[PDB]
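Asker: Here is the sequence, then the experimental structure:
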Amino acid sequence: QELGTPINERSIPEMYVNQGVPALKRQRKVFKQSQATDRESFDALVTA
Amino acid sequence: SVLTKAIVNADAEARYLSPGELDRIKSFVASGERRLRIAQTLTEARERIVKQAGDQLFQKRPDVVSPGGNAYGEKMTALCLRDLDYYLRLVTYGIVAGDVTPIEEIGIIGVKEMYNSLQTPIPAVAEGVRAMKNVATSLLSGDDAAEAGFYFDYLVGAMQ
Amino acid sequence: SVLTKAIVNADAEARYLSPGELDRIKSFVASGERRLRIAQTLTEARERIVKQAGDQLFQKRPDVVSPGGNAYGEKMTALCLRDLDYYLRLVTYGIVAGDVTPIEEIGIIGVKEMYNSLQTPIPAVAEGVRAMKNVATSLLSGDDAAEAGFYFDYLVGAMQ
Amino acid sequence: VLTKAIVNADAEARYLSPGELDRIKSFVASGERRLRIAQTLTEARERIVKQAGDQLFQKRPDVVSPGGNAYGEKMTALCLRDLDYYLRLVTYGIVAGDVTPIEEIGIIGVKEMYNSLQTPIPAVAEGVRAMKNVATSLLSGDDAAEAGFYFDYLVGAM
Amino acid sequence: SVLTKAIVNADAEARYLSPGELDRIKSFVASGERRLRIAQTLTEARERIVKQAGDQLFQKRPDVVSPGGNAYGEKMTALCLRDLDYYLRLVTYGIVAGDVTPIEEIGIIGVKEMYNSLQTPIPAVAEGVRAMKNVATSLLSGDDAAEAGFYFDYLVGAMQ
Amino acid sequence: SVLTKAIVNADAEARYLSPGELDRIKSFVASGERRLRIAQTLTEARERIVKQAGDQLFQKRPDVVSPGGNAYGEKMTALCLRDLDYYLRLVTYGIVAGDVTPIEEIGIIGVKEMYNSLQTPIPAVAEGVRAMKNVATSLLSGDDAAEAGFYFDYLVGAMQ
Amino acid sequence: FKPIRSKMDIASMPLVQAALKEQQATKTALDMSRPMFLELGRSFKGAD
Amino acid sequence: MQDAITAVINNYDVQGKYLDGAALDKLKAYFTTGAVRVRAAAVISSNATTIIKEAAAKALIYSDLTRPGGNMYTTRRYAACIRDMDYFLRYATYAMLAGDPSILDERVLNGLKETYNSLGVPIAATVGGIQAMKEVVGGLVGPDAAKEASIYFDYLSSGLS
Amino acid sequence: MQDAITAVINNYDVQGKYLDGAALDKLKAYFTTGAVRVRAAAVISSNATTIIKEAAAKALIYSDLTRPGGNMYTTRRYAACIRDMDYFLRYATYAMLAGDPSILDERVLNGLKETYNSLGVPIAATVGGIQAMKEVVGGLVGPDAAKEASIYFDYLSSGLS
Amino acid sequence: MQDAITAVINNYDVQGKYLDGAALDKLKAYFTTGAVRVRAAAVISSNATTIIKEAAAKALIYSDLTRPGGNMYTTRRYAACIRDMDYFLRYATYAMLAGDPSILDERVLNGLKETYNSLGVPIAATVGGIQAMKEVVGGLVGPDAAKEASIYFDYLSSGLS
Amino acid sequence: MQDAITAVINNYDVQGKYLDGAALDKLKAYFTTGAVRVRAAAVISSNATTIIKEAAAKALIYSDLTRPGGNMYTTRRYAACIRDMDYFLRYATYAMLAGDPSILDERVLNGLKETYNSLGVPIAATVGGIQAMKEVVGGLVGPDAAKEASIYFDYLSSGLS
Amino acid sequence: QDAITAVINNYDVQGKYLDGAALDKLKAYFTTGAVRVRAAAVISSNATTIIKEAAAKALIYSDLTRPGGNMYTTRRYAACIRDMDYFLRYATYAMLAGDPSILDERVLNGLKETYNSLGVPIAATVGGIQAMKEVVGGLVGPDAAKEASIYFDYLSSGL
Ligand SMILES: *[C@H](C)[C@H]1/C(=C/c2[nH]c(/C=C3N=C(/C=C4\NC(=O)C(CC)=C4C)C(C)=C\3CCC(=O)O)c(CCC(=O)O)c2C)NC(=O)[C@@H]1C
Ligand SMILES: *[C@H](C)[C@H]1/C(=C/c2[nH]c(/C=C3N=C(/C=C4\NC(=O)C(CC)=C4C)C(C)=C\3CCC(=O)O)c(CCC(=O)O)c2C)NC(=O)[C@@H]1C
Ligand SMILES: *[C@H](C)[C@H]1/C(=C/c2[nH]c(/C=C3N=C(/C=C4\NC(=O)C(CC)=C4C)C(C)=C\3CCC(=O)O)c(CCC(=O)O)c2C)NC(=O)[C@@H]1C
Ligand SMILES: *[C@H](C)[C@H]1/C(=C/c2[nH]c(/C=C3N=C(/C=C4\NC(=O)C(CC)=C4C)C(C)=C\3CCC(=O)O)c(CCC(=O)O)c2C)NC(=O)[C@@H]1C
Ligand SMILES: *[C@H](C)[C@H]1/C(=C/c2[nH]c(/C=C3N=C(/C=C4\NC(=O)C(CC)=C4C)C(C)=C\3CCC(=O)O)c(CCC(=O)O)c2C)NC(=O)[C@@H]1C
Ligand SMILES: *[C@H](C)[C@H]1/C(=C/c2[nH]c(/C=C3N=C(/C=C4\NC(=O)C(CC)=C4C)C(C)=C\3CCC(=O)O)c(CCC(=O)O)c2C)NC(=O)[C@@H]1C
């Protein structure tokens, strides 16, 4: 148990979230023509 | 229908269907029989729903059935009612499908462009759909009405 | 209130307010300022009126605060006093309204049924109200007391 | 309360502990509030006794019956006088913060005294209970709780 | 504990708890939450209290940690510190209990005999406890310190 | 606030807060609840205080509401009353803070310059504040009034 | 000197947060020094 | 229904509060207005027939409605419309005395829109007639009374529309 | 005997552990319950005679036991039985204040079964009486206190049976 | 600087609103917490020297920093580092009394990163020291105070990093 | 309405089948249960007023509902609520005799939800009251009868919720 | 698309409102649905093994895997097993859908031409698909197998 607890408290948990490369990088979606084979997919492609 | 939606999400992810996704499909197939009954009810009442909604619309908008207005004249008034009938048929299709997609492909894409060429006012069309919803809701039982309402609301949102 | 009563009678007759009815309204509006003061007096003395009336009631009816009796025990005695307080509040409302209607809706309809389920004796409740009247009368001036008495009497008449 | 603390210390043969001293301090502060509670009951004393008496007689018809001890004017007065005595003792208790004052005057030898008189002890207890209910109504809730303890003790003693 | 003591006196007398006894119980339960905090503070600072007290003791008594002395050597010095820790734990127990009884049974009865067999000097042990008190007092707030002091003093009194 | 002031003095001295200073903070936090009530009272009576003070001011100074005077005209009179309202709000803030600093930053620094550009007479403004004080004092209990008076007096001093 | 925004609200701080729960939760209970008959008659929800 | 006095009482009753000075002030306000209202009501009752006549003249008559194919064409329909006008007037008078709009909601306003839509009665024209009645009433009652009278007329109009 | 506070302490002492938050929570739980318990105890003490009377009425009296040839027949035996009932009540009250069942084991429960068997006192009837006292006590103490009171009464009953 | 009381006032002032009950409740909350805060502050002030000593021992000393060519090497640099530690402690104490983190931003946090970078002081080591002080402080202040104390220490740490 | 005997008959009638042994067995099952049911019904009828009183005491009274601003505040509302409680009891008794839940659906359950929603009566509280009545009823009827009684009470509760 | 949508589309071209006969077809699908879901879960769990077994039956121990064969070299081998997975996943999708259209829209369209340019042997691929079908049939069980088989056969016929 001790070896998986923080040595220091982490008293404001929000600070320690949102450290690093921002989440935006992971959130975003990729669009391809191979996915386009539908009328809605195509509309998403174009908007993108 | 719903199942198509689930498959499409899986294909995008390039994965087999998730258990949770599969469960939702199971729920949908069970719900379908109830949905069919709701659709059946509206189909039977279709003629009256259209008629009542039309009258309400014309009262709400005198202009549409006026010499300037698009709806004016017997031929034109019939066409306006035919349009209302079309939208009702689409709504029934939606309820059985469990998704707006069937409705959307036939009626909501390019609708703006079509009506603009016709010169029909889009807001009036929306009012007609709203009117149909109110009539339909009354005939439907409350829970059934809520289900039907969602599809009706989508149409109103689309033509807006 | 006086006004509500007059309107209701007119509506039943399907007529505009009669001159006589209008005159009564005029009298009421003049009386109102006096009435407000009478109500204010009782509100200030409320706590003592309830306390004194309770004691009188318990002297008048030893049984109610006895092991058999409903009022017996601290919890129960508090509830009995709370009831007396409720009726006093209703009486004040009545005086300002100039009619028993406000009192009647909150307190006198279904009162028998409520108390019978509780098993509280209705006559004892009436005695408590009578007791409150006597205390209230003493604090009020004679003319003021007469006005207050009418409302108190109504309550006693309603529940017996 | 102070007497009690001193007595415990003397038995232990020690000076009063700081904690014990603190309790004494709290008591002296509380005393003024206690005096007010006692004052309230004193003012309402006459009515409390009267109301309690009536309740008791309703609860026990027998006591005020030709056979019963309480029966007759002289006897009924004495019964009410006894109730008054107990109320006075209760007030003394509240100011003292202890039952000891009450206990010495009223609860030791009470059984023996009443047995000679032939007064029924349970009826006396009921009268004290009755007085408690009347007193509670006049007192505010927190005040009533304090007063209740002393009243309960009397009922327990009798 | 306070409560145990009261119950025991009642049982000896073969009576229900006296009002006065009940009042003391009430006071104790109110005090308890404050007591818990005081105990918690000392527990957290335990390691430092022991360390500081040890150093003070060794400065005060060079001899104990000298080749002749009992405390001398790593093993022995550890044991001396362990003893100090034990006494601190007992003190915390005392504070929550509100009585010295918990302390007394574990640590003060037969203490003389135990240490005499060990040949540990009792006065030195007492000094260590005094030292611990001073450290503990500094960390505690004044009123809290006074409460803690009583328990510390008792230990010092017990051991001479 | 009182606490801010204490901290600032400590920081200038580059020292931790003195025990005496800490004690004053303790006293202030105890006083705060009483202070909140005083502020609440004035807030409720705010509308009337402003109105009454305005009337008094205009009686005291006919000139300000004269065709020559700055206050004259509906628009101008409203603005003068708005200013009085502003100062009252500031006073309430001061009472809860326990210090004039909140009042001072918002209202008393650069006030001369602002009013000189406006051409409003500063002494008249001071009179208005004095008038508000008198109204406020009457509604407040004596000890409460004294507390409120200090803040009112400061404002009057500032606008001089 | 550019003036600085507030990162944390007063209510987020632990001691305040706790005191708010204590007043908010068990805001309505039983009032001492209030005669019981008045307390039983008192309303909790009030408006609404 | 409800009246101003009862409205105050009801608000206090849900709170469980005894009547307080602030509440008393609202009641006092009503009592001063009361005398004016009574005078206004008597004026309206006496001139009711004329008020309706004038309002009809202003909006309803000499119009397509009265002409053949119009809603108010035929004696039966004409009579119906003036009957409705009378209803609105009587209820507005009741509301003015009461000092509360509730009676309008409970009796007049409830289901009227739906009824009219089924009948094919034109709502906007009806609203126009109500507004016309208001103007005529305003004159007769006089200015102080007119403000009070106007709010109830406007309430009816808003409900219908 | 032992009490809740001491029980926690003792458990920690055998472990040698300093008091920890989990332990603190148990102590804190007791402290909250404490005030209720004190009130309950005072109620029981005042009504003790009646509690016994009521319980006896419910189970013991008007029965074969009281009739000749029954265990509680003769004044001496009757008095003994009510004395035993009082003991159980007093000890249960002590236990409730303490928050620990140990005192019952140390004083009441030890050797009771054997004593009763030699005496020929009927255990099931005694248990019945204890249960009856519990019910009466529950009423007087009120619901929150009743739950706490009940466990000690049940403990006595289980021991005897 | 700003404190909780002033923060509420300032928020209302920008709105232009008079103080309201909701605002009053926040103020009331602060007033109760105040007493605890004062006790904590006194503890910290008395133990300040030790807190710094312990924290340095935990993180700074016996390290490359103290060894020649390290940032804390030489008496002058060593003294500077412990002076900085004291600053952080004093300001955190001020913040805790205030109930607001703003003072930390206005005095300590502003320009610190830039100062340290020019000096070549290691930020991560400094942060380590602050965290160490927090742990020591938490013990001394006790649990109720600890949570409050921790947030200000964490705020400093986040600012520096 | 329908009862168990008629339900069997109706199922056979739609099939057009003459009654068969399997059908007879179902009827026979009902006939055995019948005697118990009759006894239970008589118990409930005699104790109906008390059952309602006890159930109200358990859930409805001494609550926010009875306090001002609560649904059951005012004598009129209080009386209405106890009238509804009586209805539920009477119908459940009818259903128990019948051996069929249909009557509950036909009379009590149909439109109740909608009525309650318009009225603003709280369904969950009503359900609570029904459950309370069930518990009281269970005691009086005794165990064998209780099982049968419980299902109808539960049916009502499920319908409302 | 899906069985449900297929019915809808047939009605839409007619312009007819939904009828009982249409509803019956939809109802038929709904009953089959539960079976299909169970089959799909079986296939997903055993997908890796299904591919392994099918490869063992046809692809490996063959000229293809030997040098000079299409599936020779790690890169080509990996490509072939990737294709096999595709076929399996899409067939599973089709089985749930109850419609062969998805196979035409994604898998079948342009595959022949792609394979001819690549020089991948179609007949061998078809053989692999048939092998997968046989393995799948076992795991799913008989009722499910009939439904599963049609989609596999559809892929094979297209290729
Ligand atoms: C390791 C001792 C420490 C550590 C590393 C760490 N790095 C990142 C993120 C990034 N690393 C870089 C750095 C560089 N880009 C360059 O071109 C160069 C010079 C050639 C370097 C050194 C970059 C750009 C990033 C961000 C972009 C990316 O990650 O692709 C992280 C965060 C990674 C994340 O996913 O959040 C970490 C943790 N952190 C430690 O704690 C060590 C002290
Ligand atoms: C006192 C003169 C008599 C007395 C009072 C008494 N009342 C109850 C219980 C209730 N009293 C009410 C009454 C009202 N509710 C209302 O809305 C109004 C009008 C505004 C009244 C008057 C109610 C609803 C209750 C139920 C409990 C609750 O409030 O939640 C009791 C106790 C009930 C019981 O024992 O079951 C008593 C004692 N009883 C007497 O005998 C006195 C003569
Ligand atoms: C002529 C013989 C007498 C006369 C007539 C008169 N009429 C009006 C006004 C109106 N008359 C009508 C009548 C009808 N509307 C209908 O639908 C029918 C049945 C088909 C009838 C009979 C109406 C509606 C009006 C109002 C105006 C309109 O048409 O919108 C007037 C004018 C009065 C006025 O001030 O409006 C007159 C003079 N009056 C006489 O004195 C003759 C004896
Ligand atoms: C006059 C300004 C407008 C007008 C009136 C009009 N109304 C009707 C018919 C009806 N009007 C009502 C109205 C009510 N019934 C109610 O119960 C209430 C509230 C309690 C109202 C206000 C109803 C129900 C009817 C139908 C039956 C009846 O008249 O008793 C008509 C005639 C319609 C018909 O075909 O009979 C008319 C003309 N219409 C206008 O065009 C004017 C603007
Ligand atoms: C009659 C002169 C007085 C009187 C009598 C009375 N007794 C009871 C109840 C009981 N009496 C006894 C007494 C005895 N049991 C014994 O074993 C002996 C010696 C052999 C005696 C004398 C008992 C055991 C009971 C309890 C019930 C039972 O019999 O099982 C009552 C009823 C008590 C009650 O309140 O229920 C009464 C009335 N009461 C008087 O006041 C008379 C003066
Ligand atoms: C010896 C005569 C005395 C003594 C020394 C002592 N020092 C330490 C620890 C440290 N001392 C230093 C000192 C310096 N660092 C510098 O940069 C300079 C100038 C170049 C000096 C002289 C430092 C930095 C430390 C900390 C450890 C480290 O280097 O990281 C100790 C032990 C520390 C402790 O208290 O635990 C001691 C014992 N102690 C005596 O009593 C002698 C009189």
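Answerer: Yep, it's here. Numbering: from 1, shown residues only, chains lettered A, B, ... in the order given. Ligands and ions are numbered 1, 2, ... in the order given.
Asker: Roughly how far does the residue most central in space within chain H sit from ligand 6?
Answerer: Chain H has residue H:92 as the residue nearest its centroid, 2.7 Å off, counting by CA atoms, centre = their mean. As judged by CB to the nearest ligand atom, to the nearest Å, residue H:92 and ligand 6 stand 93 Å apart. (C-beta placed from N, C-alpha, C; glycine too.)
Asker: Could you do residue B:141 as well?
Answerer: 82 Å.
Asker: Likewise for residue H:65?
Answerer: For residue H:65 relative to ligand 6 (CB to the nearest ligand atom), the value is 103 Å.
Asker: before we move on, the earlier item: residues contacting the residue nearest to the residue nearest to the centre of chain H when sequence neighbours are not counted?
Answerer: Spatial nearest neighbour of residue H:92, excluding adjacent residues (CB to CB, 6 or more residues apart in numbering or on different chains): residue H:152 at 4.5 Å. Neighbouring residues of residue H:152 by CB atoms under 8 Å, 6 or more residues apart in numbering or on different chains: H:92, H:95-96, H:101, H:104.
Asker: ditto for residue G:47
Answerer: H:11, H:14-15, K:69.
Asker: Put the buried members of those residues into a ChimeraX selection.
Answerer: Applying 16 or more other CB atoms under 10 Å in any protein chain shown to those leaves a buried subset, and the ChimeraX line that selects it is:
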select /H:14 /K:69
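Asker: Make CSV from the contacts of residue G:47 and add secondary structure to it.
Answerer: CSV is the format used below for those (DSSP: H, G, I helix; E, B strand; the rest coil):
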residue, secondary structure
H:11, helix
H:14, helix
H:15, helix
K:69, coil
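Asker: Can you tell me which of the contacts of residue G:47 is closest to ligand 3?
Answerer: Closest to ligand 3 out of the contacts of residue G:47 is residue H:11 (48.0 Å), distances taken as CB to the nearest ligand atom.
Asker: mind putting the contacts of residue G:47 in JSON lines, distance to residue K:131 included?
Answerer: Below are these laid out as JSON lines (distance: CB to CB, whole Å):
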{"residue": "H:11", "distance to residue K:131": "35"}
{"residue": "H:14", "distance to residue K:131": "29"}
{"residue": "H:15", "distance to residue K:131": "32"}
{"residue": "K:69", "distance to residue K:131": "25"}
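Asker: out of the contacts of residue G:47, which one sits closest to chain F?
Answerer: residue H:15 (17.7 Å; CB to the nearest CB).
Asker: Could I get the contacting residues of the one residue sitting closest to the centre of chain B?
Answerer: For chain B, the residue nearest the mean C-alpha position is residue B:91 (3.3 Å; CA atoms, centre = their mean). Residues in contact with residue B:91 (CB under 8 Å, 6+ apart) are B:42, B:103, B:136, B:148, B:151-152, B:155.
Asker: Return the closest of the residues you listed with respect to ligand 5.
Answerer: residue B:148 (72.5 Å).
Asker: the helices in the chain, which residues?
Answerer: Assuming you mean chain A. In chain A, the segments counted as helices under DSSP state H are A:13-16, A:24-27, A:39-47.
Asker: please go with chain H instead
Answerer: H:4-15, H:21-46, H:48-55, H:75-98, H:102-103, H:112-119, H:123-141, H:143-160.
Asker: How about chain G?
Answerer: Using DSSP H, helices in chain G cover G:14-24, G:36-41.
Asker: Also chain B?
Answerer: Using DSSP H, helices in chain B cover B:2-13, B:19-44, B:46-60, B:74-97, B:101-103, B:111-118, B:122-139, B:142-158.
Asker: quick one, which of these is nearest to ligand 4?
Answerer: Nearest of the helices of chain B to ligand 4, taken as CB to the nearest ligand atom: helix B:46-60 at 12.6 Å.
Asker: CA atoms of that closest one as PDB?
Answerer: Provided in PDB are the C-alpha atoms of helix B:46-60 (Å, rounded to 0.1, in the frame of the first residue of the first chain):
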ATOM      1  CA  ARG B  46     -53.200   9.800 -40.200                       C
ATOM      2  CA  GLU B  47     -56.000  11.300 -42.400                       C
ATOM      3  CA  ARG B  48     -57.600  13.200 -39.400                       C
ATOM      4  CA  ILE B  49     -54.200  14.300 -38.100                       C
ATOM      5  CA  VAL B  50     -53.300  15.900 -41.400                       C
ATOM      6  CA  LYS B  51     -56.700  17.500 -41.800                       C
ATOM      7  CA  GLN B  52     -56.800  19.000 -38.300                       C
ATOM      8  CA  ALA B  53     -53.100  20.200 -38.500                       C
ATOM      9  CA  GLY B  54     -53.800  21.900 -41.900                       C
ATOM     10  CA  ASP B  55     -56.700  23.900 -40.500                       C
ATOM     11  CA  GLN B  56     -54.700  25.000 -37.500                       C
ATOM     12  CA  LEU B  57     -51.800  26.000 -39.700                       C
ATOM     13  CA  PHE B  58     -54.100  28.000 -42.000                       C
ATOM     14  CA  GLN B  59     -55.700  29.800 -39.000                       C
ATOM     15  CA  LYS B  60     -52.200  30.500 -37.600                       C
END
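Asker: returning to what we had before: in TSV, list the helices of chain G along with mean neighbour count.
Answerer: Listed next are those as TSV, based on neighbours: other CB atoms under 10 Å in any protein chain shown:
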stretch	mean neighbour count
helix G:14-24	16
helix G:36-41	19
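Asker: export those helices to a markdown table and tack on distance to residue H:141?
Answerer: As requested, the helices of chain G are exported to a markdown table (distance: least, CB to CB, whole Å):
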| stretch | distance to residue H:141 |
| --- | --- |
| helix G:14-24 | 52 |
| helix G:36-41 | 44 |
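Asker: so which of those helices gets nearest residue J:1?
Answerer: helix G:14-24 (17.6 Å; CB to CB).
Asker: OK, contacts around residue B:129?
Answerer: Counting by CB under 8 Å, 6+ apart, residue B:129 has contacts B:84, B:87, B:152, B:155-156, B:159.
Asker: The same query, at a cut-off of 7 Å, please.
Answerer: Residue B:129 makes contact with B:87, B:152, B:155-156, B:159 under the criterion CB atoms under 7 Å, 6 or more residues apart in numbering or on different chains.
Asker: The residue in chain G that chain H sits nearest to: neighbouring residues, count only.
Answerer: For chain G, the residue closest to chain H is residue G:43, as judged by CB to the nearest CB, at 3.8 Å. Neighbourhood size, residue G:43 [other CB atoms under 10 Å in any protein chain shown]: 18.
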